Amino acid sequence: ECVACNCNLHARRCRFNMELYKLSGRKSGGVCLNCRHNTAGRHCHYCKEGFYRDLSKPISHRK
Amino acid sequence: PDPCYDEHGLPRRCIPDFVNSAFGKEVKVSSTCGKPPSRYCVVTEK
């Protein structure tokens, strides 16, 4: 099957690179587009420069 | 009849028996999972 990209509820568009999946030990290569909600990464999975992790909230919280 | 009075009705200590205090009652707390629906991870050793 196909599988969507992760932003942990932080984007509606994403892109892909094979080498990510290739070098992932054949596991994953999805990556956000407009990786929103003060998040960042291929999974919109970390707070960008200036911010930190609201540890109280889950990995996909809007804040 | 009445344990508050002795064999000859002499006034003696009558006491509620020993019971758990917290049984079937309400408690106000600070917070709880599920609002918003939340996750939680559990590790197990082997």
# chains A, B, ... in the order shown; residues from 1 in each chain; ligands from 1
>>> interface_residues(of="chain B", to="chain A", cutoff="12 Å", atoms="only C-alpha atoms", output="number ranges by chain")
B: 31, 33-41
>>> residues_around(residues="segment 35-42 of chain A", least_positions_apart="4", cutoff="6 Å", atoms="only C-alpha atoms", output="list in words")
residues 10, 11, 30, 31, 46, 47, 48 and 62 of chain A
>>> write_last_selection(atoms="N, CA, C and O atoms", output="CSV table (one decimal), in the first residue's frame")
chain,number,residue,atom,x,y,z
A,10,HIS,N,0.0,18.7,11.2
A,10,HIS,CA,0.6,20.1,11.0
A,10,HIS,C,0.8,20.4,9.5
A,10,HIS,O,1.6,21.4,9.3
A,11,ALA,N,0.2,19.8,8.6
A,11,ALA,CA,0.3,20.2,7.2
A,11,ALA,C,-0.8,19.4,6.4
A,11,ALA,O,-1.3,18.4,6.8
A,30,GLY,N,8.7,10.2,3.8
A,30,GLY,CA,7.7,11.3,3.7
A,30,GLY,C,8.3,12.5,4.4
A,30,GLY,O,9.1,12.4,5.3
A,31,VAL,N,7.8,13.7,4.0
A,31,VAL,CA,8.3,14.9,4.5
A,31,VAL,C,7.2,16.0,4.3
A,31,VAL,O,6.7,16.1,3.2
A,46,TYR,N,9.2,18.4,15.2
A,46,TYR,CA,9.9,19.1,16.2
A,46,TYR,C,9.7,20.6,16.1
A,46,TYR,O,9.5,21.1,15.0
A,47,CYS,N,9.9,21.3,17.2
A,47,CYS,CA,9.7,22.8,17.2
A,47,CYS,C,10.8,23.5,16.6
A,47,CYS,O,12.0,23.2,16.8
A,48,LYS,N,10.5,24.4,15.7
A,48,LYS,CA,11.6,25.1,15.0
A,48,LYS,C,12.3,26.1,15.9
A,48,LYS,O,12.1,26.2,17.1
A,62,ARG,N,-1.7,20.7,18.4
A,62,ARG,CA,-1.6,21.9,17.6
A,62,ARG,C,-0.7,22.9,18.3
A,62,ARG,O,-0.1,23.7,17.6
>>> atom_distance(atom1="atom CA of residue 13 of chain A", atom2="atom CA of residue 55 of chain A")
25.7 Å
>>> closest_residue(among="A:53, A:27, A:43, A:63", to="residue 12 of chain A", atoms="only C-alpha atoms")
A:43
>>> atom_distance(atom1="atom CA of residue 4 of chain B", atom2="atom CA of residue 24 of chain B")
28.7 Å
>>> select_by_dssp(residues="segment 14-43 of chain A", states="strand (DSSP E)", output="MDAnalysis selection string")
chainID A and resid 14:16 30:33 39:40
>>> closest_residue(among="A:23, A:18, A:2, A:7", to="residue 44 of chain A", atoms="only C-alpha atoms")
A:7
>>> atom_distance(atom1="atom CA of residue 45 of chain A", atom2="atom CA of residue 32 of chain B")
24.6 Å
>>> select_by_dssp(residues="segment 10-45 of chain A", states="alpha helix (DSSP H)", output="PyMOL selection string")
chain A and resi 18-23
>>> write_last_selection(atoms="N, CA and C atoms", output="PDB file, in the first residue's frame")
ATOM      1  N   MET A  18      13.281   9.229  -2.194  1.00  0.00           N
ATOM      2  CA  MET A  18      13.516   7.790  -2.079  1.00  0.00           C
ATOM      3  C   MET A  18      14.705   7.488  -1.172  1.00  0.00           C
ATOM      4  N   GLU A  19      15.799   8.248  -1.312  1.00  0.00           N
ATOM      5  CA  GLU A  19      16.997   7.986  -0.519  1.00  0.00           C
ATOM      6  C   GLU A  19      16.694   7.961   0.974  1.00  0.00           C
ATOM      7  N   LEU A  20      15.746   8.789   1.422  1.00  0.00           N
ATOM      8  CA  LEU A  20      15.267   8.698   2.796  1.00  0.00           C
ATOM      9  C   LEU A  20      14.770   7.292   3.086  1.00  0.00           C
ATOM     10  N   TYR A  21      13.824   6.802   2.275  1.00  0.00           N
ATOM     11  CA  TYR A  21      13.359   5.428   2.432  1.00  0.00           C
ATOM     12  C   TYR A  21      14.503   4.443   2.206  1.00  0.00           C
ATOM     13  N   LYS A  22      15.345   4.701   1.203  1.00  0.00           N
ATOM     14  CA  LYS A  22      16.502   3.847   0.945  1.00  0.00           C
ATOM     15  C   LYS A  22      17.395   3.745   2.178  1.00  0.00           C
ATOM     16  N   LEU A  23      17.897   4.890   2.656  1.00  0.00           N
ATOM     17  CA  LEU A  23      18.777   4.924   3.819  1.00  0.00           C
ATOM     18  C   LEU A  23      18.056   4.674   5.138  1.00  0.00           C
TER      19      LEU A  23
END
>>> decode(residues="segment 12-49 of chain A", atoms="N, CA, C and O atoms", output="tab-separated table (two decimals), in the first residue's frame")
chain	number	residue	atom	x	y	z
A	12	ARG	N	-1.05	19.92	5.19
A	12	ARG	CA	-1.96	19.29	4.25
A	12	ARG	C	-1.26	18.83	2.98
A	12	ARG	O	-1.84	18.04	2.22
A	13	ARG	N	-0.04	19.31	2.72
A	13	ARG	CA	0.75	18.92	1.57
A	13	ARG	C	2.10	18.41	2.06
A	13	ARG	O	2.54	18.76	3.16
A	14	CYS	N	2.73	17.54	1.27
A	14	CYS	CA	4.03	17.01	1.64
A	14	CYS	C	4.77	16.62	0.37
A	14	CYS	O	4.23	16.72	-0.74
A	15	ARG	N	6.03	16.21	0.52
A	15	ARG	CA	6.79	15.69	-0.60
A	15	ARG	C	7.45	14.38	-0.17
A	15	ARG	O	7.14	13.82	0.88
A	16	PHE	N	8.38	13.90	-1.00
A	16	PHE	CA	9.02	12.61	-0.78
A	16	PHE	C	10.40	12.57	-1.41
A	16	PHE	O	10.64	13.20	-2.44
A	17	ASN	N	11.29	11.79	-0.80
A	17	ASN	CA	12.55	11.41	-1.43
A	17	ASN	C	12.83	9.94	-1.15
A	17	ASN	O	12.64	9.46	-0.03
A	18	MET	N	13.28	9.23	-2.19
A	18	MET	CA	13.52	7.79	-2.08
A	18	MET	C	14.70	7.49	-1.17
A	18	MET	O	14.64	6.58	-0.34
A	19	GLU	N	15.80	8.25	-1.31
A	19	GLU	CA	17.00	7.99	-0.52
A	19	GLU	C	16.69	7.96	0.97
A	19	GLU	O	17.34	7.22	1.73
A	20	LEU	N	15.75	8.79	1.42
A	20	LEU	CA	15.27	8.70	2.80
A	20	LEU	C	14.77	7.29	3.09
A	20	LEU	O	15.24	6.64	4.02
A	21	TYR	N	13.82	6.80	2.28
A	21	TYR	CA	13.36	5.43	2.43
A	21	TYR	C	14.50	4.44	2.21
A	21	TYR	O	14.64	3.46	2.94
A	22	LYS	N	15.34	4.70	1.20
A	22	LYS	CA	16.50	3.85	0.95
A	22	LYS	C	17.39	3.74	2.18
A	22	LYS	O	17.64	2.65	2.70
A	23	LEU	N	17.90	4.89	2.66
A	23	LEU	CA	18.78	4.92	3.82
A	23	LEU	C	18.06	4.67	5.14
A	23	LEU	O	18.73	4.50	6.16
A	24	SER	N	16.72	4.63	5.14
A	24	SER	CA	15.96	4.28	6.33
A	24	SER	C	15.98	2.78	6.60
A	24	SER	O	15.20	2.30	7.44
A	25	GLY	N	16.86	2.05	5.93
A	25	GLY	CA	16.74	0.60	5.93
A	25	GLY	C	15.47	0.15	5.26
A	25	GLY	O	14.86	-0.84	5.68
A	26	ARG	N	15.04	0.87	4.22
A	26	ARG	CA	13.75	0.66	3.55
A	26	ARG	C	12.58	0.80	4.54
A	26	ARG	O	11.83	-0.14	4.80
A	27	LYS	N	12.46	2.02	5.09
A	27	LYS	CA	11.37	2.24	6.04
A	27	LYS	C	10.46	3.45	5.78
A	27	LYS	O	9.24	3.30	5.83
A	28	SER	N	11.02	4.63	5.46
A	28	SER	CA	10.18	5.81	5.31
A	28	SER	C	10.92	6.94	4.59
A	28	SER	O	12.14	7.06	4.69
A	29	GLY	N	10.15	7.82	3.93
A	29	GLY	CA	10.71	8.97	3.23
A	29	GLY	C	9.79	10.18	3.09
A	29	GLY	O	10.10	11.12	2.35
A	30	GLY	N	8.67	10.18	3.80
A	30	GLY	CA	7.74	11.29	3.71
A	30	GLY	C	8.28	12.51	4.41
A	30	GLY	O	9.10	12.43	5.31
A	31	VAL	N	7.80	13.67	3.97
A	31	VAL	CA	8.28	14.95	4.50
A	31	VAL	C	7.23	16.03	4.26
A	31	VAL	O	6.68	16.12	3.16
A	32	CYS	N	6.99	16.85	5.28
A	32	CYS	CA	5.95	17.87	5.28
A	32	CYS	C	6.06	18.77	4.06
A	32	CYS	O	7.13	18.86	3.45
A	33	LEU	N	4.97	19.46	3.71
A	33	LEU	CA	5.06	20.69	2.93
A	33	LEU	C	4.29	21.71	3.74
A	33	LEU	O	3.17	21.43	4.17
A	34	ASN	N	4.87	22.90	3.91
A	34	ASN	CA	4.30	23.91	4.79
A	34	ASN	C	4.09	23.27	6.15
A	34	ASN	O	2.97	23.11	6.65
A	35	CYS	N	5.21	22.87	6.74
A	35	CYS	CA	5.19	22.01	7.91
A	35	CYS	C	4.88	22.97	9.07
A	35	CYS	O	5.77	23.57	9.69
A	36	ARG	N	3.58	23.10	9.35
A	36	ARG	CA	2.96	24.14	10.17
A	36	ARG	C	2.92	23.81	11.67
A	36	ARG	O	3.53	22.86	12.15
A	37	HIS	N	2.16	24.64	12.40
A	37	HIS	CA	1.91	24.53	13.85
A	37	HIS	C	3.18	24.60	14.70
A	37	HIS	O	3.33	23.87	15.68
A	38	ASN	N	4.09	25.51	14.33
A	38	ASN	CA	5.35	25.73	15.04
A	38	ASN	C	6.17	24.45	15.13
A	38	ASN	O	7.06	24.34	15.98
A	39	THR	N	5.87	23.50	14.25
A	39	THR	CA	6.53	22.21	14.16
A	39	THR	C	7.42	22.20	12.93
A	39	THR	O	7.34	23.07	12.06
A	40	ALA	N	8.29	21.19	12.85
A	40	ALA	CA	9.20	21.09	11.72
A	40	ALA	C	9.72	19.67	11.63
A	40	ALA	O	9.75	18.93	12.62
A	41	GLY	N	10.07	19.28	10.40
A	41	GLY	CA	10.66	17.99	10.11
A	41	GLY	C	9.87	17.26	9.05
A	41	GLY	O	8.83	17.71	8.58
A	42	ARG	N	10.40	16.10	8.65
A	42	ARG	CA	9.66	15.25	7.74
A	42	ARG	C	8.32	14.82	8.32
A	42	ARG	O	7.40	14.50	7.55
A	43	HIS	N	8.20	14.75	9.65
A	43	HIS	CA	6.94	14.49	10.34
A	43	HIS	C	6.34	15.73	11.01
A	43	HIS	O	5.52	15.58	11.92
A	44	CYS	N	6.75	16.95	10.62
A	44	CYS	CA	6.39	18.16	11.35
A	44	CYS	C	6.60	17.86	12.84
A	44	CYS	O	5.76	18.17	13.68
A	45	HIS	N	7.71	17.17	13.15
A	45	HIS	CA	7.88	16.46	14.42
A	45	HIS	C	8.87	17.12	15.37
A	45	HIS	O	9.37	16.43	16.27
A	46	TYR	N	9.15	18.40	15.22
A	46	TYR	CA	9.94	19.12	16.22
A	46	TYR	C	9.71	20.61	16.07
A	46	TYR	O	9.45	21.11	14.97
A	47	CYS	N	9.86	21.32	17.18
A	47	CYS	CA	9.66	22.76	17.21
A	47	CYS	C	10.83	23.48	16.57
A	47	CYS	O	11.99	23.16	16.85
A	48	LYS	N	10.54	24.45	15.70
A	48	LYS	CA	11.57	25.14	14.95
A	48	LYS	C	12.33	26.08	15.90
A	48	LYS	O	12.07	26.15	17.10
A	49	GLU	N	13.28	26.83	15.33
A	49	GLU	CA	14.14	27.72	16.11
A	49	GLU	C	13.35	28.79	16.84
A	49	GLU	O	12.54	29.49	16.24
